[PDB]
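Here's the structure, in C-alpha cells; my notes come after.
Protein chains: 6
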Amino acid sequence: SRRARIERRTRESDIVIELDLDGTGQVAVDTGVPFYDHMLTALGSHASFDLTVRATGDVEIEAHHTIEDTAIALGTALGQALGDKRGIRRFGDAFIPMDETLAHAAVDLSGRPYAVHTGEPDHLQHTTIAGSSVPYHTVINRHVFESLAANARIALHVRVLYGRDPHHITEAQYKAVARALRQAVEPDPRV
Amino acid sequence: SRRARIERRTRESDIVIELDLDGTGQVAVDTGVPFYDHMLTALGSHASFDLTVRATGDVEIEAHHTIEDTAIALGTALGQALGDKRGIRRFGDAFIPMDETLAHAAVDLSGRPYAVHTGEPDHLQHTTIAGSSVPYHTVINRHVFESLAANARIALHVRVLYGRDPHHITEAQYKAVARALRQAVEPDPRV
Amino acid sequence: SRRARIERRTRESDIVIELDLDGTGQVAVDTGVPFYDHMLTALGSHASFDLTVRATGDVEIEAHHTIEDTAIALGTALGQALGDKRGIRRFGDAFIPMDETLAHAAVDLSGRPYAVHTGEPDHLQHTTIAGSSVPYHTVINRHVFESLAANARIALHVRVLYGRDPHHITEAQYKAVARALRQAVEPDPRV
Amino acid sequence: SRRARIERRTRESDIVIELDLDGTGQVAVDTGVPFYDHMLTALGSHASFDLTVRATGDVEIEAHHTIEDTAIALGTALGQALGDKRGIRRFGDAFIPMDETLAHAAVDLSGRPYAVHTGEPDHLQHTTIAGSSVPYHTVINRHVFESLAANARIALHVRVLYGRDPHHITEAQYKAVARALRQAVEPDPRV
Amino acid sequence: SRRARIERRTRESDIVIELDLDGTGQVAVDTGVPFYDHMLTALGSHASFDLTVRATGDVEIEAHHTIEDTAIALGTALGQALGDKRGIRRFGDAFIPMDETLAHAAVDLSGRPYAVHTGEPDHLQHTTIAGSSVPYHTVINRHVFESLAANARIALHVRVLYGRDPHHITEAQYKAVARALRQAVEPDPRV
Amino acid sequence: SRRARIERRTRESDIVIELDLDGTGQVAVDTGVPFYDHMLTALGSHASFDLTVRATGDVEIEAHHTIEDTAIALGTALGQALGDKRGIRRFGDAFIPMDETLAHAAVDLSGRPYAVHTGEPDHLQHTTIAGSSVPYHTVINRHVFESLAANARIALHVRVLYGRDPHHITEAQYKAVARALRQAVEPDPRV
Ligand SMILES: [Cl-]
Ligand SMILES: [Cl-]
Ligand SMILES: [Mn+2]
Ligand SMILES: [Mn+2]
Ligand SMILES: [Mn+2]
Ligand SMILES: [Mn+2]
Ligand SMILES: [Mn+2]
Ligand SMILES: [Mn+2]
Ligand SMILES: [Mn+2]
Ligand SMILES: [Mn+2]
Ligand SMILES: [Mn+2]
Ligand SMILES: [Mn+2]
Ligand SMILES: [Mn+2]
Ligand SMILES: [Mn+2]
C-alpha cells in the first residue's frame with residue numbers, strides 16, 4: 010500500500026491531497042485555477058495515480074500561492090507514499106510529443122532533492138493562459154516542478170526540446186513528468 | 010511618538026493612511042488591487058510599522074491611478090511621521106532572497122528626494138499579475154518606488170540583482186524597501 | 010486481433026498492405042525500390058509487426074510516387090489496425106545507435122496527426138543511395154514519416170542527434186520509428 | 010534553547026553533529042578532510058555557534074561523499090535547532106573581504122529551500138587545494154551550500170563579487186554564509 | 010546461463026573478471042583505484058549484474074593502464090556472456106539525473122563495435138578526482154567507454170546533456186551505461 | 010578607552026591627528042584642502058568618531074602630499090586606537106545612496122592590509138573639484154583609501170555601484186567607509 014493524505018493550511022491557502030501511487034487514473038482536482046486543474050489532472054492520470062486535490066486559496070491576488078502550496082503538498086504526498094522506496098525502478102523518463110512540441114522528463118526517486126528545467130521558449134516567461142476564470146501564468150511551470158522536486162525529495166529534470174504553443178508546451182511537460190514518475194515508482198522485478 | 014494620518018482625495022481616488030513607524034507589524038491594506046494589497050502588507054509588516062491603508066479609486070480604467078495615489082499618500086505619511094529625523098540611523102539597506110530572486114534596497118532618510126531602480130528584467134515592463142480581481146501591471150513597480158521617495162523626501166535605491174518569476178521579483182523588492190526603511194528609522198544609540 | 014489489409018490503387022501505383030500489430034517480425038516487402046524495401050523490412054521487423062507490402066508504381070519517373078503511396082497506405086493500415094486504441098501504452102520512443110549515427114523517434118498514438126523531423130544533416134537533402142536497381146533519394150525520408158503520421162493519425166517526431174553516413178542515418182531513423190511504435194502499441198497493463 | 014544533535018550513517022560515511030545556535034564559537038570539526046575542517050570551523054566560529062562535527066567516510070575515493078554527507082547533516086541540524094523560527098530576524102547578510110577577494114551571502118531562514126551561487130571564477134571548477142592529507146576540490150563549494158540550504162530548508166544566496174586566490178575565494182564564502190546565518194538567527198526585539 | 014570468467018595478464022596488470030548478466034547486483038570491485046572501484050560498482054549494481062573484479066597493476070605510473078586493462082577485460086566478459094544474443098531486447102538506453110547533471114547512454118548489443126562520447130564539459134579533460142589513494146583522471150572516462158565497446162563488440166553512445174560537478178558527471182555516465190545495458194540484455198518476450 | 014594621538018612631520022607636511030573610536034561625531038578638520046576637509050569631516054562624523062585633524066603641507070605644488078600624509082597618519086591613528094581588536098564586530102559594511110550615486114564599503118579590521126577600489130567612473134581619473142582655495146583631484150580618492158588601509162592594517166574594499174556627479178561619487182564613498190568602520194569597531198556582544 011503506497012498512499013498518503015496531506016493537509017496543508019497556510020495563511021494563503023487550504024489544501025487536501027489524497028494520493029495512491031498504485032492507482033488506475035482516478036483523478037479529481039479542484040484548485041480554483043482551471044488550467045492548473047487540467048495540468049494536475051493530466052499528471053495524475055498519465056502517472057496512473059489515483060489522486061484527489063482540493064485547494065482553496067487567495068486567487069484574488071493571483072494563482073501563484075495556490076499553485077505553489079498545492080505543488081508543495083503534492084510533492085510531500087508523493088515522498089510520503091513512496092515510503093522506503095525499496096524494490097522500485099527508481100529511475101524513469103518519458104518523451105511527450107504534442108503536435109509541434111516535444112518535451113521530456115527524467116527522474117531519480119532516490120536522488121537528492123534537485124530540479125533542472127531547460128529549453129522552455131522565452132515567451133513562456135510572460136505568457137498567460139486565460140479563460141473565464143482565474144488565469145495561469147506559464148512562468149510558474151518552473152516553480153511547480155521545483156516545488157514538487159523539493160518536497161518529494163527527488164531529482165526531476167524537465168526539458169522542452171522544441172515547441173511553440175504555450176498550452177502544448179506546458180501540457181507536454183506535465184505529462185512527461187507524469188510518465189517519468191509512473192515508470193520510476195513501478196516495482197522493479199530484479200531489485 | 011512617530012505617527013501620521015494622511016487623507017488624500019483626488020478626482021481618481023480617495024485614500025486614508027494611518028502609519029506608526031514604531032509598530033509591531035499590525036497591518037491592514039485594502040486598495041481594490043489585491044496584489045498591491047499583498048505588496049503593501051508585506052511592506053508594512055517587514056518594516057515593523059503599524060499601517061492601515063484604505064483606498065478606493067478608478068479601477069475600471071486600471072490600477073495605476075489608485076496605486077500611484079496610494080504610494081504618494083504613503084510617502085507623505087512616512088515623511089510626516091519621521092518628523093525632524095533626529096537621533097535615527099538615517100541609512101538602511103536590506104537584501105531579500107526569494108527562491109531564485111535576489112533584490113536589495115538602500116535608503117538615506119535625510120537625503121534629497123531621489124529614486125533609482127535598476128536590474129529588473131525587461132519582461133517586467135509588460136508583465137501582468139492577474140487573479141480574480143483587478144490586475145497588477147509590474148511596470149508600475151518603478152513608479153511606486155519613485156512616488157514613495159518623492160513624497161517621503163528620501164533617497165531610495167532599489168536593485169534586482171537577478172531573478173525570473175515576476176511575483177518573486179516584485180515581492181522581494183517591496184520587502185527589501187521595507188527592511189531598509191526598518192533599519193533606517195530606528196533610533197541610533199550614538200546620535 | 011489488430012490486423013488490417015489496405016489496397017490502394019492510384020494512377021501512379023498499385024499497393025497492397027497486410028499488417029498485424031501483434032506479430033513476430035514476419036515481414037516481406039517488394040516495392041520495386043530495393044533500398045526502400047530494406048527500410049520498410051527493418052521497420053516491420055523491429056516493430057515486431059507481421060507485414061507484407063506489395064507495391065508496383067511508376068519508377069521510370071523515380072521512386073517518389075511509389076514511396077509516398079506505400080507510406081500513405083501503410084499509415085492507413087496502422088491506424089485501422091489500432092482500432093479504438095483502448096488499453097495501449099499510447100506513448101513510445103526509441104534511441105538507435107548505428108555506428109557513428111544516433112537517431113531517436115517519439116510517438117503519441119492518440120495524438121493529432123503531426124510529424125516533426127529534425128537534425129538530419131544537410132547533405133541528405135540531395136543524397137542518392139544507388140545500387141543495381143531503382144535508386145533512393147534520401148530527401149524523401151522526411152516525406153515518408155510525414156505520410157505515415159498523416160494517415161495513421163498519430164504524432165511522430167523523428168530526430169537525428171548526429172551522424173554521417175546516409176545509409177546509417179536513414180536506417181537508424183526507420184528503426185527508431187519502428188521501436189517507438191512497438192512500445193506504443195503494446196497493451197498497457199494499468200490502463 | 011536552540012540545540013540539535015544529528016547522527017547520519019550511510020554506506021559512505023558516519024557523521025555526528027552537535028549544534029547550538031546560541032553559542033560563543035566553541036567549535037571542533039574533524040571530517041578527515043583538513044581544508045574542509047578549516048572551512049566548517051570558520052563557519053561555526055564566525056556564526057557564533059557552538060559546533061562539534063565528527064565525520065568518517067570513504068576518503069580513499071575522494072572527499073566528495075564525506076563533504077556532502079556532512080553538509081546534509083549540518084543543514085538538518087540547523088533546521089532542527091531553529092525550531093519554529095518565531096521571534097528571529099529571519100533575514101541576514103554579510104560581506105567578507107579577504108585580501109583581494111570580496112564575497113557576500115544573503116539568507117532567508119523562513120524561505121523555501123533554495124540555493125543560488127554566482128560569481129565564483131571559472132578556475133574554481135577544477136582547482137584542488139592540496140596539503141599532506143585528503144585534498145579539497147573547490148568545485149564542491151557550490152554543492153556544500155546547496156546541501157546546506159536543501160536540508161536546513163532555507164534560501165541561501167552566495168556571491169563572489171571578485172577574487173583570485175582559491176583559498177581566499179572559498180574561505181570568504183564560508184565566512185559570509187556564517188555571518189549571514191549569525192544575523193538571521195538572532196532574536197528580533199520587534200517580532 | 011549467461012556468465013563469463015575472464016583472466017587477462019599483461020606486463021602492466023593482472024585482471025580477473027567474473028560476470029553474470031542475470032544477477033541481482035552482487036558486486037565486488039578492487040582495482041587499486043578506489044574512484045574507479047566506485048564507478049564499476051555502480052555499473053555492475055545498476056546493470057543488475059553479479060560482478061567481481063580483481064585487478065592489480067602499475068599504479069605507481071598512474072591508473073591509466075589498470076583502468077584500460079580492466080575495461081578491456083570487462084568488455085570481453087560482457088561479449089562472451091552475451092553468447093549468441095538470441096532473444097534479447099538488443100537496444101537499451103537510460104537517462105540519469107544526478108543533482109545538476111543529466112547523462113544518457115544508448116546501446117545496440119548486436120551493433121558493430123563503436124563508441125561515441127559527446128557533451129562532457131571541457132574541464133573534465135584535465136580534472137583529477139583525488140582522495141587518500143591512487144587518483145582518477147576524468148579524461149579517462151571516454152577511454153573506458155571506448156574500451157568496453159571495442160571488446161564487447163557493441164555500439165555504445167554516451168552523452169552528457171549538461172552538468173558541472175566532475176564526480177556527478179562521471180558517475181551519471183557510468184550509471185547510464187549500466188541501465189542501458191540492463192535494458193538491452195533482458196529477454197525480449199516477442200523475439 | 011580607544012584613543013590615539015599621531016604626529017607625523019615629513020619634508021612635505023606636518024600633521025596632528027587625535028582620534029577616539031568611541032566618540033559622538035565631534036570632528037574638526039583643517040588640512041588646507043577644503044574639499045578634503047569636508048570629506049574627512051564626513052568620515053569622522055558618520056563613523057561616530059571624535060576626530061581632530063590639523064595638517065599643513067606643500068599645497069603650492071598641489072594637495073597630493075598633504076592628502077596622502079594625512080591619510081597615512083589617520084590610518085596609523087585608527088590602527089593604534091583599535092589596540093588588540095578583542096571583542097569587536099571586526100567586519101562592517103555600508104551602502105550610501107547620494108542622489109543618483111550608490112557607493113558601498115566593506116571592511117575586515119583584523120584582515121591583512123589590503124585595499125580594492127572598483128566601479129568609480131573613468132572621468133574621476135582626471136576630474137578636479139575646485140573652489141576658492143586649493144583644489145581636489147578626484148584621482149586621489151583611490152590613494153586615500155589605499156593609504157588608510159595600508160597604515161591601519163585592515164582590508165578595505167570600496168565600490169561605486171553607479172553614479173555621475175563627482176562630488177556625490179566621492180562623498181558617498183567616504184561616508185560608506187565611515188559607516189563600515191563604525192559597524193566594524195563596535196563591541197560585539199557575543200565575542
Ligand atoms: Cl535527448
Ligand atoms: Cl552588491
Ligand atoms: Mn513562490
Ligand atoms: Mn489541453
Ligand atoms: Mn503615473
Ligand atoms: Mn507572495
Ligand atoms: Mn510527394
Ligand atoms: Mn542497411
Ligand atoms: Mn554529490
Ligand atoms: Mn585559511
Ligand atoms: Mn590507453
Ligand atoms: Mn559517488
Ligand atoms: Mn602618492
Ligand atoms: Mn558635499
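Residue numbers (PDB author numbering), protein chains in the order written: chain A, 10 to 200; chain B, 10 to 200; chain C, 10 to 200; chain D, 10 to 200; chain E, 10 to 200; chain F, 10 to 200.
For every residue, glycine included, the Cβ atom is placed at its ideal position computed from N, Cα and C.
Closer than 7 Å: residue i CB and nearest ligand 6 heavy atom
{"i": "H55/B", "result": "no"}
C-beta atoms of residue i and residue j nearer than 8 Å
{"i": "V167/D", "j": "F154/D", "result": "yes"}
{"i": "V36/B", "j": "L60/B", "result": "yes"}
{"i": "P122/E", "j": "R162/E", "result": "yes"}
{"i": "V194/C", "j": "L118/C", "result": "yes"}
{"i": "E21/E", "j": "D78/E", "result": "yes"}
{"i": "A187/C", "j": "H47/C", "result": "no"}
{"i": "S10/A", "j": "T33/A", "result": "no"}
{"i": "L190/A", "j": "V68/A", "result": "no"}
{"i": "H135/A", "j": "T65/B", "result": "no"}
{"i": "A185/A", "j": "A114/A", "result": "yes"}
{"i": "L133/C", "j": "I178/C", "result": "yes"}
{"i": "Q192/C", "j": "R98/C", "result": "yes"}
{"i": "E71/A", "j": "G140/B", "result": "yes"}
Residue i beta carbon near ligand 9 (any heavy atom closer than 7 Å)
{"i": "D108/E", "result": "yes"}
{"i": "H126/D", "result": "no"}
{"i": "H73/D", "result": "yes"}
{"i": "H152/D", "result": "yes"}
Close beta carbons around residue i, own chain, < 6 Å, minus the five adjacent residues each side
{"i": "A181/C", "result": "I105, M107, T110, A112"}
{"i": "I15/E", "result": "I26, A82, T85, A86"}
{"i": "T50/A", "result": "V36, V38"}
{"i": "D23/A", "result": "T65"}
Any non-hydrogen atom of ligand 4 closer than 7 Å to residue i Cβ
{"i": "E69/D", "result": "no"}
Sequence-distant residues of the same chain with beta carbon closer than 7 Å to residue i, five excluded per side
{"i": "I138/F", "result": "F44, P144, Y145, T147, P175, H176"}
{"i": "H73/F", "result": "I149"}
{"i": "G120/C", "result": "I163, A164"}
{"i": "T127/A", "result": "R168"}
From the options, residue whose alpha carbon lies closest to that of residue i
{"i": "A164/B", "options": "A124/B, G66/B, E71/B, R191/B", "result": "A124/B"}
{"i": "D29/C", "options": "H132/C, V62/C, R17/C", "result": "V62/C"}
{"i": "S156/F", "options": "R98/F, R95/F, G88/F", "result": "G88/F"}
{"i": "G53/D", "options": "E71/D, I70/D, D31/D", "result": "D31/D"}
{"i": "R173/A", "options": "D131/A, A158/A, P198/A", "result": "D131/A"}
{"i": "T40/E", "options": "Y183/E, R151/E, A80/E", "result": "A80/E"}
Residue i CB to nearest heavy atom of ligand 14 below 7 Å
{"i": "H177/D", "result": "no"}
Residue i CB to nearest heavy atom of ligand 11 below 7 Å
{"i": "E21/C", "result": "no"}
Near ligand 13: residue i beta-carbon under 7 Å from a heavy atom
{"i": "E27/D", "result": "no"}
Distance cut-off 7 Å: residue i Cβ against heavy atoms of ligand 3
{"i": "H166/D", "result": "no"}
heavy atom of ligand 8 below 7 Å from residue i C-beta
{"i": "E16/C", "result": "no"}
Same chain, Cβ closer than 8 Å to residue i, five either side skipped, listed in chain order
{"i": "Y171/C", "result": "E109, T110, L111, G128"}
heavy atom of ligand 12 below 7 Å from residue i C-beta
{"i": "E155/D", "result": "no"}
{"i": "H132/A", "result": "no"}
{"i": "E180/E", "result": "yes"}
Residue i CB to nearest heavy atom of ligand 5 below 7 Å
{"i": "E77/B", "result": "yes"}
Three CB pairs or more closer than 8 Å across the segment 134 to 144 of chain F and the segment 96 to 106 of chain F: no
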